[PDB]
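Below: one structure, written as structure tokens.
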Amino acid sequence: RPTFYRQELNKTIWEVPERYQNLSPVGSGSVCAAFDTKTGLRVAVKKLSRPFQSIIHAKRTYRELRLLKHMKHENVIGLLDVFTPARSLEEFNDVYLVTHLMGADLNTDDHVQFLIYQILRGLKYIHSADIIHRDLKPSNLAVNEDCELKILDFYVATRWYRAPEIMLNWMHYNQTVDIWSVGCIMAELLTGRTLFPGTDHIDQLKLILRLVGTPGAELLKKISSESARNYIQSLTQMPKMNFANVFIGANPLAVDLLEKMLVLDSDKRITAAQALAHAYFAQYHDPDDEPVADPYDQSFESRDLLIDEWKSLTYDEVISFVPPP
Ligand SMILES: CC(C)c1nnc2ccc(Sc3ccccc3CNC(=O)Nc3cc(C(C)(C)C)nn3-c3ccccc3)cn12
Ligand SMILES: Fc1ccc(-c2c[nH]nc2-c2ccnc(F)c2)cc1
């Protein structure tokens, strides 16, 4: 057990071990940039805000610790450390998570290729563990000075990058909701503007369909909701736009990848693994250096437990933590 010290910063209190110095607020849980004396590197420290306030929070606290302890990939946030000032379960009420500080977020063709390749390389990994991100957006992509990128989950509206099947309230969405978001991000990097800046879920849907066109009969037959159908079919029919004409000036391979990512029917969207093998990333692609994840146990997601049970499970995960070499 190391020596802890207390400090108040931006209304929040921070009790962290001696090893972490020069705590500097970065976002408000609440995140601080800091210096790690044991390793010599800059770190990001997240203090969980009200971890065990409700069952929803307690399960979220557990889910985040479990997720971060599992992620071991260059393009995904990983845990350097996890600590609590608490010396027993009884005293346990605060969680701090430590990771590498990248320094900035996401908000040249070679630049875009490298940035998207990294997002896709990290998404191939998370999708392999049967995890869906569901909120990929520029603010959730951390970038260092070497232009190295990590996916995380930390104002820019979420709905701007959300797959149309989520806006339309479909419960059965798949992993490709994240490829949609990648398409949106890649477009924004290429042109310098938000592909679909909707003001609400209705407007957002109208903006998407303006580009990709209104659903064909094959997709319309897959929509069970009379309300989702009676809305979409009640809109003035729109054809699919020519992407070469909307993304005029861009590398034709980037336009071709955009067409494969931004397909309305999610069953027809390119996966992260297929996108990695697209001609656009020929300069980066190496199937021997795009690893998959170890099996991830997410059976807990289906459980309905008490705050104290989620709390005790989180505590054990803090105790069992083994730092990387
Ligand atoms: C300040 C900004 C410039 C910056 N630069 N580098 C970093 C690194 C991290 C952060 S935020 C941070 C800091 C420490 C510990 C944890 C976090 C962020 N938490 C996080 O990414 N959570 C996360 C990742 C995923 C994945 C694995 C799905 C991506 N899911 N979750 C999550 C799960 C449940 C609830 C909340 C989040 C800022 N940095
Ligand atoms: F306006 C639309 C119509 C269909 C989609 C869509 C894309 N991929 N999957 C769906 C979908 C949506 C709702 N219910 C479903 F069953 C499948 C998205 C927007």
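Cβ coordinates were reconstructed from backbone atoms using ideal geometry, including for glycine residues, and neighbour counts include every protein chain displayed. Numbers and lists here come from the model and the stated rules, or from a named source; these are not laboratory values.
List, please: which pairs have Cβ atoms under 9 Å, are six or more places apart or on different chains, and start with a residue in segment 260-272 that is outside any helix (DSSP H, G or I) and end with one that is of a type in the set (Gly, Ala, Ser) and surrounded by fewer than 18 Cβ atoms within 10 Å (Cβ to Cβ)?
The qualifying pairs are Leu264/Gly213; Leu264/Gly216; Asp265/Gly216.
Give me the residue from segment 124-146 that is part of a loop (DSSP other than H, G, I, E, B) and closer than 21 Å to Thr194 by Cβ and, out of that set, nearest to ligand 1 (Cβ to nearest atom). Step through it out loud before you land on a result.
Let us first name the residues in segment 124-146 that are part of a loop (DSSP other than H, G, I, E, B), namely 129-137, 144-146.
This time we only want the ones that are closer than 21 Å to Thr194 by Cβ, so: 133-137.
Values: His133: 5, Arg134: 8, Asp135: 8, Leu136: 9, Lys137: 12 Å.
Within segment 124-146, the match that is nearest to ligand 1 (Cβ to nearest atom) is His133.
With respect to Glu64, is the statement that it is acidic (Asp, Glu), more than 12 Å from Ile307 (Cα to Cα) and surrounded by 17 or more Cβ atoms within 10 Å (Cβ to Cβ) true?
Judged against the criteria, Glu64 is a match.
Could you say which residue among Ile179, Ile208 is within 16 Å of ligand 1 (Cβ to nearest atom), assigned by CATH to the domain that holds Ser128 and either buried (at least 18 other Cβ atoms within 10 Å of the Cβ) or within 24 Å of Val112 (Cβ to Cβ) (or both)?
When all the criteria are applied, what remains is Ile179.
Scanning segment 259-286 for residues that are out of contact with any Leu (no Cβ under 8 Å at 6 or more places or on another chain) and more than 16 Å from ligand 2 (Cβ to nearest atom), which turns out farthest from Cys184 (Cα to Cα)?
Of everything passing the filter in segment 259-286, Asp286 is farthest from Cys184 (Cα to Cα).
With the requirement that a residue be within 25 Å of the chain's Cα centre (by Cα) and in a helix (DSSP H, G or I), what does segment 289-309 give you?
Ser299, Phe300, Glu301, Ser302 - these are the residues of segment 289-309 that are within 25 Å of the chain's Cα centre (by Cα) and in a helix (DSSP H, G or I).
Is it fair to say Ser88 is among the polar types (S, T, N, Q), within 11 Å of ligand 1 (Cβ to nearest atom) and either part of a helix (DSSP H, G or I) or surrounded by fewer than 18 Cβ atoms within 10 Å (Cβ to Cβ) (or both)?
Values: among the polar types (S, T, N, Q): yes; within 11 Å of ligand 1 (Cβ to nearest atom): no; either part of a helix (DSSP H, G or I) or surrounded by fewer than 18 Cβ atoms within 10 Å (Cβ to Cβ) (or both): yes.
For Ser88, the condition - among the polar types (S, T, N, Q), within 11 Å of ligand 1 (Cβ to nearest atom) and either part of a helix (DSSP H, G or I) or surrounded by fewer than 18 Cβ atoms within 10 Å (Cβ to Cβ) (or both) - is not met.
Within 30 Å of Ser299 (Cβ to Cβ) and of a type outside the set (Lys, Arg): which single residue out of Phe196, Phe154 fits that description?
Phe154
Yes or no, residue by residue, for (1) of a type in the set (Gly, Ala, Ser); (2) farther than 15 Å from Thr99 by Cα; (3) buried (at least 18 other Cβ atoms within 10 Å of the Cβ):
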position	(1), (2), (3)
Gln7	no, yes, no
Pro17	no, no, yes
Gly40	yes, no, no
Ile77	no, no, yes
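Consider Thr99 carefully, then state whether it is of a type in the set (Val, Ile, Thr), surrounded by fewer than 17 Cβ atoms within 10 Å (Cβ to Cβ) and away from ligand 2 (no atom under 15 Å from the Cβ).
no
Consider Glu90 against the criteria (1) in contact with a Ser or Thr (Cβ under 7 Å, 6 or more places away or on another chain); (2) outside the structural domain of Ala272 (by CATH): it satisfies all of them except one. Which criterion is unmet?
(1)
Within segment 17-31, identify whether any single residue is acidic (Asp, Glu) and in a loop (DSSP other than H, G, I, E, B), and answer yes or no.
Yes, there is a match, as at least one residue in segment 17-31 is acidic (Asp, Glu) and in a loop (DSSP other than H, G, I, E, B).
Of all residues in segment 244-287, how many are touching an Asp or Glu at 6+ places or on another chain (Cβ under 8 Å), closer than 19 Å to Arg193 by Cα and polar (S, T, N, Q)?
Number satisfying all stated conditions: 1.
Of the conditions (1) surrounded by 22 or more Cβ atoms within 10 Å (Cβ to Cβ); (2) closer than 20 Å to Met241 by Cβ, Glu188 clears all except one; give me its number.
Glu188 satisfies every listed condition except (1).
Residues in segment 112-123: is at least one hydrophobic (A, V, I, L, M, F, W, C), assigned by CATH to the domain that holds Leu235, farther than 23 Å from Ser234 by Cβ and within 10 Å of ligand 1 (Cβ to nearest atom)?
Yes, the conditions are met somewhere in segment 112-123.
Test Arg63 against the criterion of being among the basic types (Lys, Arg), closer than 26 Å to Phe321 by Cβ, part of a helix (DSSP H, G or I) and within 11 Å of ligand 1 (Cβ to nearest atom), and give yes or no.
Considered against the rule, which asks whether it is among the basic types (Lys, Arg), closer than 26 Å to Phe321 by Cβ, part of a helix (DSSP H, G or I) and within 11 Å of ligand 1 (Cβ to nearest atom), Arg63 comes out as yes.
Just the residues that are outside any helix (DSSP H, G or I), away from ligand 2 (no atom under 15 Å from the Cβ) and over 28 Å from the mean Cα position of the chain (by Cα), please, taken from segment 215-256. Spell out the reasoning first.
First, pick out the residues of segment 215-256 that are outside any helix (DSSP H, G or I): 215-216, 221-225, 233-242, 247-251.
Filter again for away from ligand 2 (no atom under 15 Å from the Cβ), leaving 241-242, 247-251.
Across segment 215-256, the qualifying residues are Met241, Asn242, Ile248, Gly249.
Among the numbered conditions (1) under 22 Å from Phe247 (Cβ atoms); (2) within 16 Å of ligand 2 (Cβ to nearest atom); (3) surrounded by fewer than 18 Cβ atoms within 10 Å (Cβ to Cβ), tell me where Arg193 comes up short.
Here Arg193 meets the rest and fails (2).
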